[PDB]
């Protein structure tokens, strides 16, 4: 599939193997600059290659499966220029403290719609959330390991301190198809926040709980391109 972002993204059609609930998550450290630096926080997170290759040089903290439910969070820090401990919501399946002031997080898997039609995803983040969505754009169908670092232009992105740290993605999706998704998050300092929600044309409900929507599929020999 083409890597470019689109309004009609391509999805995937898994075989008999039952999809596993939730996304996969990788957590990495994100250090501050040396004491006395102005500003204290490292601007590495905004290097164009940070979400592709740059994060990989940082300390791997965790890799977990099964991230689902409501993945939103708001971490309130008390001090700038200071690593401070906190916890992710239970939805993240990570029961250890981390430096919630300063860290990098990657989430990936598939989004399965319940309805056919236009979906508008709304995102916000402190400091950064970059979203890829669709086969090619995020990764290839049941061939994630091969294509994981070849994601395309972002479908939506939010950067704190921009005119607004909020963005939308509107895409037409088909019910029961599995769409590759990649979420890339960073906190540089102080408070951290992630909001990821959506609405559809079918009703006025806002979805914040992704229990019925986020899944992981095993890679397969032949891949699982969308058949619909």
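Numbering follows the first chain given and starts at 1.
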Original post:
Which has higher Cα B-factors on average according to the PDB entry: 170 to 178 or 183 to 191?
Top reply: 170 to 178
**OP:** Could you settle it for me: does 195 to 203 or 38 to 46 have the higher average Cα B factor in the PDB entry?
**Re:** 38 to 46
**OP:** Tell me which of 114, 119, 76, 79 tops the list for C-alpha B factor in the record.
**Re:** 79
Original post:
Lowest, middle or highest third: where is residue 106 by Cα B-factor in its chain?
Top reply: lowest
Subject >> Entry-reported Cα temperature factor of residue 31, expressed as the chain third it lands in >> reply: highest
Subject >> residue 66 CA temperature factor, ranked by third within the chain >> reply: middle
Subject >> residue 148 - Cα temperature factor, lowest/middle/highest third of chain >> reply: highest
Original post:
Based on the entry's values, in what third of the chain does the Cα temperature factor of residue 54 lie: lowest, middle or highest?
Top reply: middle
